[PDB]
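Enquirer: Chains as they are written, first to last, in the entry's author numbering: chain A, 12 to 14, 17 to 142; chain A', 12 to 14, 17 to 142. A prime marks a further copy of an entry chain.
We put the beta carbon where it would ideally sit given N, CA and C, even for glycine.
My structure is below; once you've seen it, I'll send some questions.
There are 2 protein chains.
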Amino acid sequence: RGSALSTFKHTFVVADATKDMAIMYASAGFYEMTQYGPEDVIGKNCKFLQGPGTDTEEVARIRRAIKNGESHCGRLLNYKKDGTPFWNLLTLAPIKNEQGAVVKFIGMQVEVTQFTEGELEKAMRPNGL
Amino acid sequence: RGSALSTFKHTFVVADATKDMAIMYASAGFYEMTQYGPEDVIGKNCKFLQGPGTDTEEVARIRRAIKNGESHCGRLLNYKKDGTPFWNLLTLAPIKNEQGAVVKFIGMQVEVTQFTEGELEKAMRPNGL
Ligand SMILES: Cc1cc2nc3c(=O)[nH]c(=O)nc-3n(C[C@H](O)[C@H](O)[C@H](O)COP(=O)(O)O)c2cc1C
Ligand SMILES: Cc1cc2nc3c(=O)[nH]c(=O)nc-3n(C[C@H](O)[C@H](O)[C@H](O)COP(=O)(O)O)c2cc1C
């Protein structure tokens, strides 16, 4: 779901389009998923998460989305502070003013884990039994 | 966020990998976003949403994800029952048994709308003021 949003429940960052898309904000979930702290993250471009085997063509689609002011999603290999790799389903959306110009982007990250048959059944079942 | 999941809050479908990826389940949000009903959706492949200008190369990445049993996200133009186009950020994840084989896929759809500066500030602000 997502794109109400909550800085305490959800994993997202906000980039300043006035500032070469530097991170100007990160949610609690971001620090928790990546293991980085505000002193590492704020003011940096979010590509410090990228590393060996990060797909160059997915990065290029992200870049084009950003350049065009479009929403976008893509799967990217990323790395936590301790070097652990994870798959990140990254959702991006532009934020505009009234002038119709992009002032910021929000990126929502999802760390892919295994969804098992058991947990899916519970979601599908329309009650609490 | 997403990939607990709720059939009443979230927009998703579940496909049966035993059945040429026919939809075997759809959430309340799916029927509400697409305007289709269970009598249209259940048993069909979800490409009835695709239409003019749906990107062929995004569809091909989805197909490859499905074939490889990988999670995936991508932005796809889709159409509601009344013909209205919408951008769908589609997230896909495989569901496996214990044998380690893919029995189902879950797809979570997000209809892209405008995120405004005002609603973003409220999300970022760490309180209810
Ligand atoms: C709001 C936002 C969030 C982003 N989050 C991530 C992220 O979680 N992981 C990642 O690898 N790249 C992320 N990116 C992409 C990188 O910051 C960067 O835009 C991409 O690598 C292209 O950089 P370049 O054009 O300088 O090469 C994000 C971008 C934005 C605007
Ligand atoms: C669980 C699941 C959900 C899907 N949801 C959507 C959807 O919301 N919109 C869409 O255009 N395609 C969706 N697809 C993709 C199509 O069903 C189909 O897999 C894709 O068009 C490739 O079809 P083909 O290999 O038969 O050409 C979904 C697929 C799965 C497995």
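1. Using alpha carbons as the reference points, say which of A':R88, A':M34, A':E134 and A':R74 lies closest to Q122 (chain A').
2. Let me check one thing: in DSSP terms, what residues is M121 (chain A) bridge-paired to?
3. Where does residue 15 (chain A') land, buried or exposed, given buried means 16+ other C-beta within 10 angstroms?
4. Quick one, are the C-beta atoms of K109 (chain A) and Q127 (chain A') less than 8 angstroms apart?
5. Assuming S14 (chain A) and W100 (chain A') form a contact by the criterion Cβ under 8 angstroms, report the distance between their Cβ atoms to the nearest whole angstrom.
6. By how many angstroms is the C-alpha of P107 (chain A') removed from the C-alpha of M137 (chain A)?
7. In the DSSP assignment, find the unbroken alpha helix (DSSP H) run with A136 (chain A') in it and report its ends.
8. So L133 (chain A) packs on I119 (chain A'), CB below 8 angstroms; how close in whole Å?
9. I'd like the span of the beta strand (DSSP E) that includes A39 (chain A'), first residue to last.
10. What is the rounded straight-line gap between the Cα of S40 (chain A) and the Cα of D29 (chain A')?
11. Name the one or two DSSP bridge partners that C86 (chain A') has.
12. Below 7 angstroms, is the gap between the Cβ of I75 (chain A') and the nearest heavy atom of ligand 2?
13. Helix, strand or coil for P98 (chain A'), going by three-state DSSP, please let me know.
14. Between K80 (chain A') and the rest of its own chain, which residues show a CB-CB distance below 7 angstroms, the 5 nearest in sequence each way excluded?
15. Could you spell out the range, first to last residue, of the alpha helix (DSSP H) harbouring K80 (chain A)?
16. Measure the alpha-carbon distance for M34 (chain A) versus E71 (chain A') and round it to whole angstroms.
17. Just to check my reading of the structure: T47 (chain A') and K117 (chain A') have Cβ atoms closer than 8 angstroms, yes? What is that Cβ distance to the nearest angstrom?
18. Given the structure, does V27 (chain A') come close to ligand 1, in the sense that its CB is under 7 angstroms from one of the ligand's heavy atoms?
19. Please report how far the alpha carbon of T24 (chain A) lies from the alpha carbon of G50 (chain A), in whole angstroms.
20. Does the beta-carbon of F43 (chain A'), which I'm using as the reference point, lie nearer than 7 angstroms to any heavy atom of ligand 1?
21. Along the alpha helix (DSSP H) that carries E111 (chain A), what are the first and last residues, could you check?
22. Check whether chain A' comes within 8 angstroms of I55 (chain A), counting only Cβ atoms and requiring the distance to be less than that.
23. Could you list the residues in the segment 87-118 of chain A' with a C-beta less than 8 angstroms from some C-beta on chain A, going in chain order?
24. Name the two residues that bound the continuous alpha helix (DSSP H) containing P51 (chain A).
25. Once the 5 residues before and after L102 (chain A) are set aside, which same chain residues still bring their CB inside 7 angstroms of it?
26. At a Cβ threshold of 8 angstroms, is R77 (chain A) touching chain A'?
27. Could you pull out every residue in the same chain whose Cβ sits closer than 6 angstroms to the Cβ of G64 (chain A'), ignoring the five residues on either side in sequence?
Expert: Checking against the coordinates, here is how it stands:
1. If you number the second sequence from 1, residue 122 (chain A') lands on position 109. It is A':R88 whose Cα lies nearest to the Cα of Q122 (chain A').
2. Along the first sequence, read from residue 1 onward, the residue named residue 121 (chain A) stands at position 108. According to DSSP, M121 (chain A) bridges with A:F25 and A:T104.
3. Note on chain A': consecutive modelled numbers read 14 then 17, so residue 15 (chain A') has no coordinates in the structure shown.
4. Residue mapping note: residue 109 (chain A) aligns to position 96 of the first sequence, counting from 1. Residue mapping note: residue 127 (chain A') aligns to position 114 of the second sequence, counting from 1. Their beta carbons are under 8 angstroms apart, which means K109 (chain A) touches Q127 (chain A') by this criterion.
5. Mapped onto the first sequence, residue 14 (chain A) falls at position 3. Mapped onto the second sequence, residue 100 (chain A') falls at position 87. Contact flag wrong, Cβ pair sits at about 10 angstroms.
6. Here residue 137 (chain A) refers to the residue found at position 124 when the first sequence is read from its first residue. Here residue 107 (chain A') refers to the residue found at position 94 when the second sequence is read from its first residue. Whole-angstrom Cα-Cα distance: 15 angstroms.
7. Within the second sequence, residue 136 (chain A') is the residue found at index 123, counting from 1. Here the alpha helix (DSSP H) through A136 (chain A') covers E130 to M137.
8. Here the question's residue 133 (chain A) lines up with position 120 in the first sequence. Here the question's residue 119 (chain A') lines up with position 106 in the second sequence. Right, their Cβ atoms sit about 6 angstroms apart.
9. Indexing the second sequence from 1 puts residue 39 (chain A') at position 26. Taken as a continuous stretch (DSSP letters only), the beta strand (DSSP E) holding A39 (chain A') covers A35 to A39.
10. Indexing the first sequence from 1 puts residue 40 (chain A) at position 27. Indexing the second sequence from 1 puts residue 29 (chain A') at position 16. Spanning the two alpha carbons is a distance of roughly 35 angstroms.
11. As a working note, residue 86 (chain A') is residue 73 in the second sequence. Answer by DSSP bridge pairing, in chain order: A':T104.
12. The residue you call residue 75 (chain A') lines up with position 62 of the second sequence. Yes, since a heavy atom of ligand 2 falls inside the 7 angstroms radius drawn around the Cβ of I75 (chain A').
13. Position 85 of the second sequence holds residue 98 (chain A'). In the structure shown, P98 (chain A') sits in a strand (DSSP, three-state: E or B).
14. On the second sequence, residue 80 (chain A') is found 67 positions in, with the first residue counted as 1. Result list for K80 (chain A'): empty, nothing under 7 angstroms.
15. On the first sequence, position 67 is the one that residue 80 (chain A) refers to. Here the alpha helix (DSSP H) through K80 (chain A) covers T69 to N81.
16. Along the first sequence, read from residue 1 onward, the residue named residue 34 (chain A) stands at position 21. Along the second sequence, read from residue 1 onward, the residue named residue 71 (chain A') stands at position 58. About 25 angstroms.
17. Translated into the one-based positions of the second sequence, residue 47 (chain A') becomes position 34. Translated into the one-based positions of the second sequence, residue 117 (chain A') becomes position 104. The pair is not a contact, with the Cβ atoms about 20 angstroms apart (cut-off 8 angstroms).
18. As a working mapping, residue 27 (chain A') is identified with position 14 in the second sequence. Checking every heavy atom of ligand 1 against the Cβ of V27 (chain A'), none is found closer than 7 angstroms.
19. As a working mapping, residue 24 (chain A) is identified with position 11 in the first sequence. As a working mapping, residue 50 (chain A) is identified with position 37 in the first sequence. Distance between the alpha carbons of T24 (chain A) and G50 (chain A): 14 angstroms.
20. Residue numbering aside, residue 43 (chain A') sits at position 30 when the second sequence is read from its first letter. No, ligand 1 has no heavy atom inside 7 angstroms of this Cβ.
21. Residue mapping note: residue 111 (chain A) aligns to position 98 of the first sequence, counting from 1. First-last for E111 (chain A): undefined, no H or E at that position.
22. Residue mapping note: residue 55 (chain A) aligns to position 42 of the first sequence, counting from 1. Not one chain A' Cβ lies under 8 angstroms of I55 (chain A).
23. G87, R88, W100, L102, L103, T104, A106, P107, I108, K109, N110, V116 and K117
24. The residue you call residue 51 (chain A) lines up with position 38 of the first sequence. Looking at the DSSP string, the run of the alpha helix (DSSP H) that includes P51 (chain A) is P51 to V54.
25. Mapped onto the first sequence, residue 102 (chain A) falls at position 89. Contacts found: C86, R88, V123 and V125.
26. Within the first sequence, numbered from 1, the residue matching residue 77 (chain A) stands at position 64. Judged by the 8 angstroms Cβ criterion, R77 (chain A) is not in contact with chain A'.
27. For the purposes of this step, residue 64 (chain A') is identified with residue 51 of the second sequence, where counting begins at 1. For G64 (chain A'), where only same-chain residues beyond five positions count, the Cβ hits under 6 angstroms are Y92.
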